[PDB]
Each structure stands twice: as structure tokens, then as C-alpha cells.
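*Asks:* Provide a 3D model corresponding to the input given below.
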Amino acid sequence: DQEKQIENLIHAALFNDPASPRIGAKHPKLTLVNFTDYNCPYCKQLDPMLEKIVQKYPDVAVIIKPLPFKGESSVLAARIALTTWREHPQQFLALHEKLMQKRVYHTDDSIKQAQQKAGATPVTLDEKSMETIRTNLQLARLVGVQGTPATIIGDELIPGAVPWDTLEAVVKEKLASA
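*Replies:* Numbering: from 1, shown residues only. Find the structure here:
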């Protein structure tokens, strides 16, 4: 309806939600926003690239906005990851990597395995992780996200997985413009 009354709010929630996991610097020149799902095959493909971007360009940070579209285990992996971000932000990256790296559609067991291998402390699930997910979906809508993965890089919304060299080039460019 009247997104018109909230359209100027969109920016802080996209790039600065304290509740959305961040990979990289808190004060970067450029902030990518990666809408993603732990069970989505193209999301898994993209993921290592994003961290490699951050590794190579420390002036870049990446925000993780889970959109758990692929069933209950998508919702659970997302809530667990978001809750780990909230309570133990330092553990998030290792857990996030474990959830993406698993090449089987997730179950309760594999999610618990990822935690174990990542060395992540168990977390209690709250309505808060659910509200963060809802907020993510709201943002996806307003931003024109049509599926996962979808990543905001400067003035572009880039769907799916792209070749690494292409990815790096768009990043350098948006970085130069910043």
C-alpha cells in the first residue's frame, strides 16, 4: 500500500540492521546485501565468493538477509544463524559457512552438525528471529527481490550466482564510485 510512508526508512534497515549478520568491517566503503537461503543451491555457490570479496577488499562488508523459502529446515537454519548472530556474533561466520557448505537439503540433525563443526554455542529461539525474517521479507519486497540469491551491490540488484570475475568487477566499480 503506502510503502510511501516508509520508503525513506528502507536504507538503515537494509545496511545497518543490528540484527542482520555482517561479514567484514562495521564501517565499510561499500555494503553488499545478500538475500539468501541455506538450502538454496545457487546461494551455496555464491556464498564462498562473498567472503572472498571481503577477504580481498576489506573496505567491503556483506549483510546476510535470510529469506527461508525452502521449507521448515530453511526457517530453522535461518533462525539458528540469526540467533547466533545476536548472542555470539563472533561465532556467526563459522556457523554460516557450515550451513552453506552442507550439500544436502537440511534436517534438524544436519543443522545441529553444522553447529558442532562450527563450534557454535547452542541458542534459544525467540520471536525475535521470526521478526527479523519478516523484516527481511518486507525489505526483499520493497527492493524488488524476485528470488534467492539476490544481492544489492551499489545501484544494482544482482539475481542468482554470477561468475567470480564478473562479481569482482561489479564490486570494484561500485567501490570506485563510492
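*Asks:* When you work out contacts or count neighbours from here on, use the C-alpha atoms and nothing else.
*Replies:* Fine.
*Asks:* Helix, strand or coil: sort out the residue nearest the centre of the chain for me.
*Replies:* Nearest to the mean C-alpha position of the chain, counting by Cα atoms, centre = their mean, stands residue 64 at 1.7 Å. At residue 64 the chain is in strand, as set by DSSP: H, G, I helix; E, B strand; the rest coil.
*Asks:* And the helices in this structure, which stretches?
*Replies:* In the chain, helices defined by DSSP state H lie at 10-16, 41-56, 72-87, 89-101, 108-118, 127-143, 164-177, listed in chain order.
*Asks:* Other residues contacting the first one?
*Replies:* Counting by Cα atoms under 8 Å, 6 or more residues apart in numbering, the neighbours of helix 10-16 from elsewhere in the structure are 31-33, 63, 139.
*Asks:* Is it possible to mark the buried ones in these?
*Replies:* Burial by neighbour count, judged by 16 or more other Cα atoms under 10 Å, picks out 31-33, 63, 139 from the contacts of helix 10-16.
*Asks:* how about those residues, which pair is most distant?
*Replies:* Farthest apart among the buried ones among the contacts of helix 10-16 by Cα to Cα are 31 and 139. That separation is 15.5 Å.
*Asks:* to the chain's geometric centre, what's the distance from stretch 76-86?
*Replies:* Centre-to-centre, stretch 76-86 and its host chain are 11 Å apart (Cα atoms, centre = their mean, to the nearest Å).
*Asks:* Can you tell me what sits against it?
*Replies:* Stretch 76-86 is contacted from outside by 19-21, 37-38, 66-68, 91-92, 95-96, 99, 106, 108, 111, 120-125, 129-130, using Cα under 8 Å, 6+ apart.
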